[PDB]
Amino acid sequence: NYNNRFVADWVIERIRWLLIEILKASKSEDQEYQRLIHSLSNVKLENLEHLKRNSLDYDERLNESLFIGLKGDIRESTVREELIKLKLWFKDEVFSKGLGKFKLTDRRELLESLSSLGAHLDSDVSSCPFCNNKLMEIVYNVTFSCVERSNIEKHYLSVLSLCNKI
Amino acid sequence: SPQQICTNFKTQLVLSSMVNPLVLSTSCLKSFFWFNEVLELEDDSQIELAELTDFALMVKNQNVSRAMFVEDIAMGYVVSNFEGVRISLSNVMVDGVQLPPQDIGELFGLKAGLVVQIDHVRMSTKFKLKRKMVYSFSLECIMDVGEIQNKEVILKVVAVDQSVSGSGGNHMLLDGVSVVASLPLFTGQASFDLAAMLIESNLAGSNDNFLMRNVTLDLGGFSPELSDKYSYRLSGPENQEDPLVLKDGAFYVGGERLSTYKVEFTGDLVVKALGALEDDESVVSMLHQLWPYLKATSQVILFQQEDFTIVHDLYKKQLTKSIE
Amino acid sequence: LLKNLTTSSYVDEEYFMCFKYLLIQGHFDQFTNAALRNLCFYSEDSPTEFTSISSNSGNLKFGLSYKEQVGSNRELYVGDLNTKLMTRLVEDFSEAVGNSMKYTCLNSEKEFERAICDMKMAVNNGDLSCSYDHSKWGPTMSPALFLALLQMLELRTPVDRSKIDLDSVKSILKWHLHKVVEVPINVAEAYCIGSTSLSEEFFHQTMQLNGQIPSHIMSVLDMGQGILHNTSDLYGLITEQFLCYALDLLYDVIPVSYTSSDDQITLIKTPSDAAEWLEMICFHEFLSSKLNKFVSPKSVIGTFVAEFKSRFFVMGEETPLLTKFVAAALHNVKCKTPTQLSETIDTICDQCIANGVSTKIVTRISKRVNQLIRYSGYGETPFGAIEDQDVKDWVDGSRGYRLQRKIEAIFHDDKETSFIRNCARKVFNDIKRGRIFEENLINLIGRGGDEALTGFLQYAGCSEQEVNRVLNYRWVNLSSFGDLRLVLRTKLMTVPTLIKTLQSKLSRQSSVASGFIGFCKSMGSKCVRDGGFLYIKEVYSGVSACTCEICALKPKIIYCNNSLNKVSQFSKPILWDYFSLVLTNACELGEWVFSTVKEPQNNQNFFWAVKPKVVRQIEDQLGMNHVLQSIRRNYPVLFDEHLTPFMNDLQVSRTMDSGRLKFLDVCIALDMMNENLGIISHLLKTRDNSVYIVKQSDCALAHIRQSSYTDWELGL
Amino acid sequence: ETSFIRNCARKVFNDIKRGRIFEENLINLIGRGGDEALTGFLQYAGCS
Amino acid sequence: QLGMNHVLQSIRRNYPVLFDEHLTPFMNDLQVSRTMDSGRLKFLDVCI
Amino acid sequence: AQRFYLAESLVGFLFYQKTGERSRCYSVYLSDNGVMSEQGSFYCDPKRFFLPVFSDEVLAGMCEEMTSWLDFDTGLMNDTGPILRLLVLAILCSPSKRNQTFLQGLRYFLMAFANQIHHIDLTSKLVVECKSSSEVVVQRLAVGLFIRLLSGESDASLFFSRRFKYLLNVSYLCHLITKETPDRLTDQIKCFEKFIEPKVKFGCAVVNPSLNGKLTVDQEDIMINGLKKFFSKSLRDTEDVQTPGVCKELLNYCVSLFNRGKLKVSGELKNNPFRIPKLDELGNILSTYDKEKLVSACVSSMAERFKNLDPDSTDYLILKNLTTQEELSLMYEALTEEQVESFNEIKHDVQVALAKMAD
Ligand SMILES: [Mn+2]
Ligand SMILES: [Zn+2]
Ligand SMILES: [Zn+2]
């Protein structure tokens, strides 16, 4: 905001209004005048018709590479005929040859595939999780060593808390 | 038809009391829906017997329980065993002249510049106001009077203050405070027996100077009648006892039956109440205690028809066959 | 200061800072109005003339980042303010166009439910269900496709038939087509400082061969994930409609498709077993690949199970997804105060038990969160986290109801709480049936808990005996003179709760372990306030172990009055909170909670659905502009300050828009004083479940709490 | 006409005191003026 | 009874702008008229 | 060292040497009656074990219920119970993204197995490269469970709904392992890879533009070449079925079909729609702009104060604008390791600035 600590915060907007009125009354280019009035208002979406949209000899090739095949007025029956011909071509050129994208299950083959990809056979690891993972071995050791097998301490903990606090 | 309001409220109260014992406080009177007695601005007619507690609730009383037996008038026909005691002067100057008598002669000479200062009178009047019904009450009043000492004739008065205390009902303290303000005491002939007697008790002495110089008060006539409640007037050695309970439509002061007030239900009301209750044993207790209360009432208007077949939903043949 | 720093670093153990200071000390570092008028305050960068690639105020710069997911991280694009506003305008236009449409279900729960029931009916009947997930939806689409689409459309008006010109939309899309994506500086430094990688090869090839180190990347096909979502949704919708039309015309089947801008579900009804439809689906896949709709190998086609938005439907019922909700409950422990953690766990356990999980596992989660809040040093409180030993009555029951259940479970033979419930029922009858109570309870409650409770009691009816009896049970409230002060692990650079909830309603990377560690650490300093601040153990060390046969029914939870003579500032009655909770449940979900609980007199696999049996007496609609008027009436200074600076519709909230609601007057004052009721922020919300799958074994062991009429069927 | 208006006023009085469900909505209905307020009160009581 | 500090609260509730302007500049006892001193009278709401 | 109690006499000791939130190497010992024994050592990250901190009874109950789900055959749950529990245990003791990907692949496998038709490229999306020899055991356990539940010739589908529910809940065990980006730099690098790979494969990724709306001749040339390559797909060639692009013939067909009210949707819309961080660093707790603003404000306040001598209270200022020894400690404890490093950097900058001002 144009506020400051030298004026009573009521003359700045008056001076601004007087200045924009004097500017819009008489001038002296095209865009240097639209920014001066815009840079002194207070507050102000789509419909940007105030813009200019000047060409730069580059959008020509953009429109030439983007909107040559776009017509959007094709009839209804000719599309039916074209889809019929495309389906008849698809049936005997790429599907009867074996170049599809989907297939039946054959659940036995899926079971074999999962057993081949998941169950590792060429690995040197053993069939025991405890001796493979270190944390599992640790927890196993602790649990199998634990399952199968007085004012002094409280004074000590209190003084520990005191020194940790200080 | 506010008569129906009153009788339905009484029926609800008696049938709610005859499932378990409850205290006869505002907790068991205001906590009932049919207590529309606070409504119906024209309160000329009360339910059956609760005139006093209704008039108290119109003043928003905080009472709990007492012997509400106005049928035997507790405000009227009360013993009037009234008396008085000595005084104790404020602005203490008597402790220096009480013991040196061992006399009364120098004290009488001192009481004979002029040094008539203010006079402070302290009285503790204890009475034993009884009632018509079987009851008793002991009520004592403290009176502090700020007056002006006189030259020779009687006395001069400025102001008075009273403070009641002791164990006594609302009607008892009402009677006491009314008679202490309308007694042959100070207001009137004052019935004052000076005889240099209470001075001889305050000013310790066993001698007489043949001069009593009797005095009499001319009190203004203030009206300290602003309690009118069960409150023991801001002091008392006895508080919060004698609880009133209710088991079978009969007032139990401590376990003794006072009486049973008549309540009609006409059959439809009792089943309308039996409809929605807590559980089975509550209905059992209510229907077993109903006919014992019917013995103390007279109501055969209860229609013995299809409504009884509706009551038959609660198959409690033992309860209706136990009273026989 | 330099010598001081070197000496203080030398006296310590570390010598690296000493060497740095030693090095920086050793000095080892050695009259036209268009050109002279745009330097003082002239906004030269204001958009006045634009081109087909920019807007004279930048080139729609963006920033790349990742987002954490379970399987693999997702992309993320964050933009500047100008490009953010442009994307906002574009997405608003496209979402309006989509809301005008019907079949798409991305911001419409009605169409989502329609797709759900259609899929369920198809699975129950045996139609061809095909769940199509598409691979690389984001990094493959291009704004040029949307440009061509909008160029080819007409967008006819409803009543004008004017063929709206989509000129500005095409301009913004042409701007987006030439957006600049900036690479992270961390990857740049990692590839500059310095295993085979194609992108690393491209970085080293574009490091200094053709130009400088790559920092800005523009291309044709980006379509940043989370930028053009609505336009991509509409394009996918129209393409799938064209595809289903083509399939209907070619293979004489009945297809219906539902889309979500990333995946689709197609329900195909065939005439006149399913081994003669491979050509149809492969032709459909080929036609989709002819467009920019490449299908992922994870897409499935069958007639036994259907999937949509991770919601699997099979013949007869639906999968409960137990472990997902269990892991969601065990995770996301975000705690700022124990109350908000309790509420979050409440919502999570509710939405978990909604999908027929169990009644014995939720108790364990509640015990877990109780132990978590206890380990932090806060100690157990009467409310605390979710109660233990619950039942299947999460239905027709809110947070207030389970809090009341916990407080009732505290007492074995309820005689005080039953009396409080009777007093609350009396107040409810005299305020509704007698109907003479308003704004006086507001004057009586604003004081606090002690005098308010005895005032309500003497309004119902009592003596000094009840005053000294009921008001004896006390519990320690550490947040009595305010809230617990604490600074947790937040991001850098930075009054009752009802005001904050209302402000949130009107207006519009951190780990859980570190968060909880900071929580437990900050709960050990001077936190509790008074008058000054002090410790929690300092307050809990002042209680006297009287043990007078009344403060031993639940240790560290309920005390007596004389046991807190040393510290009496933090001592509030629990029966007052019980009264408030009972009255709040009455204003919320009916009067069936005034009766007494009675107990009643299956293979663990008989599941079935149940519906809530609530009955509201609080003007069921209960929209906005009703709490605002009540606050303006009851709390004028609290309505002026901290409320309604950001509002321009005060006229309707002031001109008595259905003023003096039946209970919103009194059912709102208990919420602002008590810090843990939270009912006004709950009344303005939907059930979010509307149905609960439960097993029969839990329905037969529930408590039967249905109240008879308080008038004992005696009224009329 | 005045007897009918008195009957409507008695109905409003009963429903605001005995029925006891009326407040601050009559304030919103009266502030407009005399015409619409009267027909609003009438259709609240009952009319055509 | 119907004393003061009852019409003032009703005006503050029903007519806030009319209670701020033209009313209570010459008053120092707004706290009692604001803290619901027997608020919502039986008829002073609509009879005013 | 940290301590944990296990029994009446024996306790467990956890020894380490580093601090912060990084991954460390720990050593666990026991102590029965003073004789300190050796239990072992390991190397892990502490911020990836928050789930089982107190969930020792919830997991037991959930696995017990999941196993009792299969009570239709007395003899099948007895073999899957311990296997399920061991699998869950191995999952908790080894948090990794590869396990989550493997379980998601198993979910997709089950989904494709339940139905009748599936894609031809399915089995290539389920394999994941396992390292550290720790994923082998969990993958073997999951595969063995899936086989034990799915294998069979005739009597293998007596109750298929229960089997499907059990297998789905087993595959959904990936939500147990948390998702907290095991490494930030590697994740950012991989994100940049996945972002810029398709554009380099296509051949349209230009180099640093002018950032003003002015492209050189080569930039616009390659842009137009990419635009042409995007719309240069025919309706008969089966070679371009995995590369981006669209054919104009099918687009014109769909457009002309939608315009003339033939699809289920049309252009009959109502309610006419015409009614400071840096971008080069996302994830950093503090950008260079904020550091610079803070140090400038602090040095300006310190210069305004000198109107010399300055205690460590200036450091207090750093704690005041970013988030009296007690308040200093309370405001300093709430920082993380990277946060405390950045705070030390800012402190060093402010102190060297004040020192150079002193000269
Ligand atoms: Mn999907
Ligand atoms: Zn082993
Ligand atoms: Zn105790």
# chains A, B, ... in the order shown; residues from 1 in each chain; ligands from 1

$ interface_residues --of "chain C" --to "chain A" --cutoff "6 Å" --atoms "only C-alpha atoms" --output "ChimeraX atom specification"
/C:48-51,152

$ residues_near_ligand --ligand "ligand 3" --cutoff "7 Å" --atoms "only C-alpha atoms and all ligand atoms" --output "ChimeraX atom specification"
/C:546-552,559-560,563

$ write_last_selection --atoms "N, CA, C and O atoms" --output "JSON list (two decimals), in the first residue's frame"
[["chain", "number", "residue", "atom", "x", "y", "z"],
["C", 546, "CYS", "N", -4.46, -39.77, 51.01],
["C", 546, "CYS", "CA", -5.39, -39.93, 52.12],
["C", 546, "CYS", "C", -5.93, -41.35, 52.19],
["C", 546, "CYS", "O", -5.93, -41.98, 53.25],
["C", 547, "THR", "N", -6.41, -41.88, 51.05],
["C", 547, "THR", "CA", -6.99, -43.22, 50.96],
["C", 547, "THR", "C", -8.15, -43.38, 51.94],
["C", 547, "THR", "O", -8.11, -44.18, 52.88],
["C", 548, "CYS", "N", -9.20, -42.59, 51.71],
["C", 548, "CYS", "CA", -10.37, -42.55, 52.57],
["C", 548, "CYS", "C", -11.54, -43.36, 52.02],
["C", 548, "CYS", "O", -12.70, -42.96, 52.17],
["C", 549, "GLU", "N", -11.25, -44.47, 51.34],
["C", 549, "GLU", "CA", -12.24, -45.41, 50.82],
["C", 549, "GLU", "C", -13.13, -44.81, 49.74],
["C", 549, "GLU", "O", -14.09, -45.46, 49.29],
["C", 550, "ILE", "N", -12.86, -43.58, 49.30],
["C", 550, "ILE", "CA", -13.59, -42.98, 48.19],
["C", 550, "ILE", "C", -12.70, -42.54, 47.05],
["C", 550, "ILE", "O", -13.18, -42.40, 45.91],
["C", 551, "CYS", "N", -11.40, -42.33, 47.28],
["C", 551, "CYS", "CA", -10.45, -41.99, 46.22],
["C", 551, "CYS", "C", -9.60, -43.19, 45.82],
["C", 551, "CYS", "O", -8.51, -43.01, 45.27],
["C", 552, "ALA", "N", -10.08, -44.41, 46.06],
["C", 552, "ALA", "CA", -9.35, -45.62, 45.73],
["C", 552, "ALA", "C", -10.08, -46.51, 44.72],
["C", 552, "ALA", "O", -9.53, -47.54, 44.33],
["C", 559, "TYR", "N", -10.19, -38.49, 42.66],
["C", 559, "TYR", "CA", -9.79, -38.16, 44.02],
["C", 559, "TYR", "C", -10.97, -37.55, 44.76],
["C", 559, "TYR", "O", -12.03, -37.29, 44.20],
["C", 560, "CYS", "N", -10.76, -37.32, 46.06],
["C", 560, "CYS", "CA", -11.70, -36.61, 46.89],
["C", 560, "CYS", "C", -11.25, -35.15, 47.04],
["C", 560, "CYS", "O", -10.24, -34.73, 46.48],
["C", 563, "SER", "N", -8.11, -34.48, 49.51],
["C", 563, "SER", "CA", -6.86, -35.02, 48.99],
["C", 563, "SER", "C", -6.12, -34.04, 48.09],
["C", 563, "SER", "O", -4.97, -34.30, 47.73]]

$ residues_near_ligand --ligand "ligand 2" --cutoff "6 Å" --atoms "only C-alpha atoms and all ligand atoms" --output "ChimeraX atom specification"
/A:128,130-131

$ select_by_dssp --residues "region 29-258 of chain B" --states "helix (DSSP H, G or I)" --output "ChimeraX atom specification"
/B:36-38,51-58,95-98,104-111,170-180,198-202

$ residues_near_ligand --ligand "ligand 1" --cutoff "10 Å" --atoms "only C-alpha atoms and all ligand atoms" --output "CSV table (one decimal) with N, CA and C atoms, in the first residue's frame"
chain,number,residue,atom,x,y,z
C,130,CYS,N,-14.7,-55.2,-16.6
C,130,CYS,CA,-13.4,-54.9,-17.0
C,130,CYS,C,-12.8,-53.7,-16.3
C,131,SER,N,-11.8,-53.9,-15.5
C,131,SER,CA,-11.1,-52.8,-14.8
C,131,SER,C,-9.9,-52.4,-15.5
C,132,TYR,N,-9.9,-51.2,-16.1
C,132,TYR,CA,-8.8,-50.8,-17.0
C,132,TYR,C,-8.0,-49.7,-16.2
C,133,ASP,N,-6.8,-50.1,-15.8
C,133,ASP,CA,-5.8,-49.1,-15.3
C,133,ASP,C,-4.9,-48.7,-16.5
C,134,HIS,N,-4.5,-47.4,-16.6
C,134,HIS,CA,-3.7,-46.9,-17.7
C,134,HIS,C,-2.3,-46.5,-17.1
C,259,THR,N,-15.5,-43.5,-15.3
C,259,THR,CA,-14.1,-43.1,-15.4
C,259,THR,C,-13.7,-42.3,-14.1
C,260,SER,N,-12.4,-42.2,-13.9
C,260,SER,CA,-11.8,-41.4,-12.8
C,260,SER,C,-10.6,-40.7,-13.2
C,262,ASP,N,-7.9,-41.5,-14.2
C,262,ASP,CA,-6.7,-42.4,-14.2
C,262,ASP,C,-7.1,-43.8,-14.5
C,263,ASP,N,-8.2,-44.3,-14.1
C,263,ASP,CA,-8.6,-45.7,-14.4
C,263,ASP,C,-10.1,-45.7,-14.7
C,264,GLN,N,-10.6,-46.8,-15.4
C,264,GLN,CA,-12.0,-46.9,-15.7
C,264,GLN,C,-12.5,-48.3,-15.4
C,265,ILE,N,-13.8,-48.4,-15.4
C,265,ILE,CA,-14.5,-49.7,-15.2
C,265,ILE,C,-15.6,-49.8,-16.2
C,298,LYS,N,-1.8,-54.3,-15.8
C,298,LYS,CA,-2.5,-54.6,-14.6
C,298,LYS,C,-4.0,-54.6,-14.8
C,299,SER,N,-4.5,-54.1,-16.0
C,299,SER,CA,-5.9,-54.1,-16.2
C,299,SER,C,-6.4,-55.6,-16.4
C,300,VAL,N,-7.6,-55.8,-15.8
C,300,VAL,CA,-8.2,-57.2,-15.8
C,300,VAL,C,-9.6,-57.2,-16.4
C,306,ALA,N,-14.7,-57.4,-9.3
C,306,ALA,CA,-14.6,-56.1,-9.9
C,306,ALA,C,-13.8,-55.2,-9.0
C,307,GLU,N,-13.1,-54.2,-9.5
C,307,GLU,CA,-12.4,-53.2,-8.7
C,307,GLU,C,-12.6,-51.8,-9.3
C,308,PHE,N,-12.7,-50.9,-8.3
C,308,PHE,CA,-12.8,-49.5,-8.7
C,308,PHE,C,-12.4,-48.6,-7.5
C,309,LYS,N,-11.4,-47.8,-7.6
C,309,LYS,CA,-10.9,-47.0,-6.5
C,309,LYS,C,-10.5,-47.8,-5.3
C,310,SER,N,-9.8,-48.9,-5.5
C,310,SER,CA,-9.4,-49.8,-4.5
C,310,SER,C,-10.6,-50.2,-3.6
C,311,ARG,N,-11.7,-50.7,-4.3
C,311,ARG,CA,-12.9,-51.2,-3.6
C,311,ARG,C,-13.3,-52.4,-4.4
C,312,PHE,N,-13.0,-53.6,-3.8
C,312,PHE,CA,-13.2,-54.9,-4.5
C,312,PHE,C,-14.5,-55.4,-4.2

$ residues_around --residues "residue 104 (chain F)" --least-positions-apart "6" --cutoff "10 Å" --atoms "only C-alpha atoms" --output "ChimeraX atom specification"
/C:70-71 /F:98,110,126,168,171-174

$ residues_around --residues "residue 9 (chain E)" --least-positions-apart "2" --cutoff "8 Å" --atoms "only C-alpha atoms" --output "tab-separated table (two decimals) with C-alpha atoms, in the first residue's frame"
chain	number	residue	atom	x	y	z
E	5	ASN	CA	-32.20	-3.45	31.98
E	6	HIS	CA	-34.78	-5.64	30.23
E	7	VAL	CA	-35.93	-3.47	27.32
E	11	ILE	CA	-33.17	-3.89	21.87
E	12	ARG	CA	-29.53	-4.99	21.86
E	13	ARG	CA	-30.58	-8.49	20.77
E	33	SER	CA	-27.32	-5.25	30.25
E	34	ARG	CA	-25.06	-7.62	28.29
E	36	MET	CA	-28.17	-11.90	30.09
E	37	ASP	CA	-29.91	-10.28	33.04
E	39	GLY	CA	-32.91	-12.61	29.15

$ residues_around --residues "residue 298 (chain B)" --least-positions-apart "6" --cutoff "12 Å" --atoms "only C-alpha atoms" --output "PyMOL selection string"
chain B and resi 260-266+291-292

$ residues_around --residues "residue 110 (chain A)" --least-positions-apart "6" --cutoff "9 Å" --atoms "only C-alpha atoms" --output "PyMOL selection string"
chain F and resi 109+113+123

$ write_last_selection --atoms "N, CA and C atoms" --output "mmCIF file, in the first residue's frame"
data_model
loop_
_atom_site.group_PDB
_atom_site.id
_atom_site.type_symbol
_atom_site.label_atom_id
_atom_site.label_comp_id
_atom_site.auth_asym_id
_atom_site.auth_seq_id
_atom_site.Cartn_x
_atom_site.Cartn_y
_atom_site.Cartn_z
ATOM 1 N N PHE F 109 -1.556 -60.132 -8.942
ATOM 2 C CA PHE F 109 -1.583 -61.521 -9.381
ATOM 3 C C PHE F 109 -2.880 -62.198 -8.965
ATOM 4 N N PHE F 113 -5.809 -63.691 -11.240
ATOM 5 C CA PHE F 113 -6.097 -65.114 -11.101
ATOM 6 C C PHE F 113 -7.585 -65.359 -10.895
ATOM 7 N N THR F 123 3.360 -61.161 -15.897
ATOM 8 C CA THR F 123 4.410 -61.755 -15.077
ATOM 9 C C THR F 123 5.690 -60.931 -15.049
#

$ atom_distance --atom1 "CA of residue 207 (chain B)" --atom2 "CA of residue 195 (chain B)"
12.1 Å

$ closest_atom_pairs --of "chain C" --to "chain D" --cutoff "7 Å" --atoms "only C-alpha atoms" --output "JSON lines"
{"residue": "C:655", "atom": "CA", "partner": "D:28", "partner_atom": "CA", "distance": 6.4}
{"residue": "C:656", "atom": "CA", "partner": "D:28", "partner_atom": "CA", "distance": 6.0}
{"residue": "C:658", "atom": "CA", "partner": "D:25", "partner_atom": "CA", "distance": 6.1}
{"residue": "C:659", "atom": "CA", "partner": "D:24", "partner_atom": "CA", "distance": 5.6}
{"residue": "C:660", "atom": "CA", "partner": "D:23", "partner_atom": "CA", "distance": 6.5}

$ interface_residues --of "chain C" --to "chain B" --cutoff "8 Å" --atoms "only C-alpha atoms" --output "ChimeraX atom specification"
/C:423,426,429-430,460-463,595-596,708-709,711-714

$ residues_around --residues "residue 285 (chain C)" --least-positions-apart "3" --cutoff "10 Å" --atoms "only C-alpha atoms" --output "short mmCIF file (atom, residue, chain, number, x, y, z; two decimals) with N, CA and C atoms, in the first residue's frame"
data_model
loop_
_atom_site.label_atom_id
_atom_site.label_comp_id
_atom_site.auth_asym_id
_atom_site.auth_seq_id
_atom_site.Cartn_x
_atom_site.Cartn_y
_atom_site.Cartn_z
N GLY A 100 -1.85 -60.14 -30.31
CA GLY A 100 -2.80 -59.55 -29.40
C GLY A 100 -2.14 -58.95 -28.17
N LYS A 101 -2.98 -58.66 -27.18
CA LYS A 101 -2.51 -58.07 -25.93
C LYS A 101 -3.09 -58.74 -24.69
N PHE A 102 -4.02 -59.69 -24.84
CA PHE A 102 -4.63 -60.36 -23.71
C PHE A 102 -4.73 -61.85 -24.00
N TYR C 132 -9.86 -51.23 -16.13
CA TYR C 132 -8.76 -50.79 -16.98
C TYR C 132 -7.97 -49.72 -16.25
N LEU C 243 -15.55 -44.78 -27.54
CA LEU C 243 -15.16 -46.18 -27.59
C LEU C 243 -16.32 -47.11 -27.27
N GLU C 279 -11.34 -61.17 -28.96
CA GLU C 279 -11.18 -60.26 -30.09
C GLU C 279 -11.77 -58.90 -29.78
N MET C 280 -12.90 -58.87 -29.06
CA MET C 280 -13.53 -57.60 -28.70
C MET C 280 -12.61 -56.77 -27.82
N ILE C 281 -12.06 -57.38 -26.77
CA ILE C 281 -11.25 -56.62 -25.83
C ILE C 281 -9.91 -56.23 -26.45
N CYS C 282 -9.34 -57.07 -27.32
CA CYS C 282 -8.08 -56.67 -27.94
C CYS C 282 -8.30 -55.57 -28.97
N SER C 288 -7.85 -47.92 -28.13
CA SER C 288 -7.41 -47.02 -27.07
C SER C 288 -5.94 -46.64 -27.25
N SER C 289 -5.12 -47.59 -27.70
CA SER C 289 -3.71 -47.28 -27.97
C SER C 289 -3.56 -46.37 -29.17
N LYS C 290 -4.53 -46.40 -30.10
CA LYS C 290 -4.53 -45.42 -31.18
C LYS C 290 -4.69 -44.00 -30.64
N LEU C 291 -5.36 -43.85 -29.51
CA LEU C 291 -5.41 -42.59 -28.79
C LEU C 291 -4.27 -42.56 -27.78
N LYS C 293 -4.22 -43.29 -24.69
CA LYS C 293 -4.85 -44.01 -23.58
C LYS C 293 -4.28 -45.41 -23.47
N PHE C 294 -2.95 -45.52 -23.48
CA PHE C 294 -2.29 -46.81 -23.34
C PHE C 294 -2.74 -47.50 -22.06
N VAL C 295 -3.12 -48.77 -22.19
CA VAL C 295 -3.64 -49.56 -21.08
C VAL C 295 -2.48 -50.29 -20.42
N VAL F 241 2.38 -48.66 -31.29
CA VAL F 241 1.34 -48.97 -30.33
C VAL F 241 1.77 -48.73 -28.89
#

$ closest_residue --among "B:256, B:307, B:83, B:238" --to "residue 192 (chain B)" --atoms "only C-alpha atoms"
B:83

$ closest_atom_pairs --of "region 217-282 of chain B" --to "region 155-163 of chain B" --cutoff "12 Å" --atoms "only C-alpha atoms" --output "Markdown table"
| residue | atom | partner | partner_atom | distance |
| --- | --- | --- | --- | --- |
| B:217 | CA | B:155 | CA | 6.1 |
| B:218 | CA | B:157 | CA | 6.4 |
| B:219 | CA | B:157 | CA | 6.2 |
| B:220 | CA | B:159 | CA | 7.2 |
| B:221 | CA | B:160 | CA | 8.6 |
| B:222 | CA | B:160 | CA | 7.3 |
| B:223 | CA | B:162 | CA | 9.2 |
| B:224 | CA | B:162 | CA | 6.7 |
| B:225 | CA | B:162 | CA | 9.7 |
| B:226 | CA | B:163 | CA | 10.8 |
| B:227 | CA | B:163 | CA | 10.4 |
| B:232 | CA | B:163 | CA | 10.0 |
| B:233 | CA | B:163 | CA | 6.9 |
| B:234 | CA | B:163 | CA | 8.1 |
| B:235 | CA | B:163 | CA | 8.6 |
| B:236 | CA | B:163 | CA | 10.9 |

$ interface_residues --of "chain E" --to "chain D" --cutoff "12 Å" --atoms "only C-alpha atoms" --output "number ranges by chain"
E: 10-11, 13-15, 40-48

$ interface_residues --of "chain C" --to "chain E" --cutoff "12 Å" --atoms "only C-alpha atoms" --output "count of residues only"
34

$ decode --residues "region 56-61 of chain B" --atoms "N, CA, C and O atoms" --output "PDB file, in the first residue's frame"
ATOM      1  N   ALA B  56     -44.647 -22.062  50.362  1.00  0.00           N
ATOM      2  CA  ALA B  56     -43.212 -21.870  50.537  1.00  0.00           C
ATOM      3  C   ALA B  56     -42.481 -21.870  49.198  1.00  0.00           C
ATOM      4  O   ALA B  56     -41.575 -21.058  48.980  1.00  0.00           O
ATOM      5  N   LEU B  57     -42.856 -22.778  48.290  1.00  0.00           N
ATOM      6  CA  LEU B  57     -42.221 -22.823  46.976  1.00  0.00           C
ATOM      7  C   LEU B  57     -42.559 -21.599  46.140  1.00  0.00           C
ATOM      8  O   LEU B  57     -41.767 -21.201  45.278  1.00  0.00           O
ATOM      9  N   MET B  58     -43.731 -21.002  46.362  1.00  0.00           N
ATOM     10  CA  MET B  58     -44.037 -19.737  45.699  1.00  0.00           C
ATOM     11  C   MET B  58     -43.057 -18.647  46.112  1.00  0.00           C
ATOM     12  O   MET B  58     -42.841 -17.687  45.363  1.00  0.00           O
ATOM     13  N   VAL B  59     -42.453 -18.780  47.299  1.00  0.00           N
ATOM     14  CA  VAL B  59     -41.358 -17.909  47.712  1.00  0.00           C
ATOM     15  C   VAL B  59     -39.996 -18.533  47.418  1.00  0.00           C
ATOM     16  O   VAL B  59     -38.962 -17.969  47.803  1.00  0.00           O
ATOM     17  N   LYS B  60     -39.964 -19.679  46.732  1.00  0.00           N
ATOM     18  CA  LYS B  60     -38.732 -20.399  46.403  1.00  0.00           C
ATOM     19  C   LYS B  60     -37.962 -20.766  47.678  1.00  0.00           C
ATOM     20  O   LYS B  60     -36.861 -20.282  47.952  1.00  0.00           O
ATOM     21  N   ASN B  61     -38.594 -21.630  48.465  1.00  0.00           N
ATOM     22  CA  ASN B  61     -37.993 -22.108  49.701  1.00  0.00           C
ATOM     23  C   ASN B  61     -36.923 -23.154  49.413  1.00  0.00           C
ATOM     24  O   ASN B  61     -36.938 -23.826  48.377  1.00  0.00           O
TER      25      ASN B  61
END
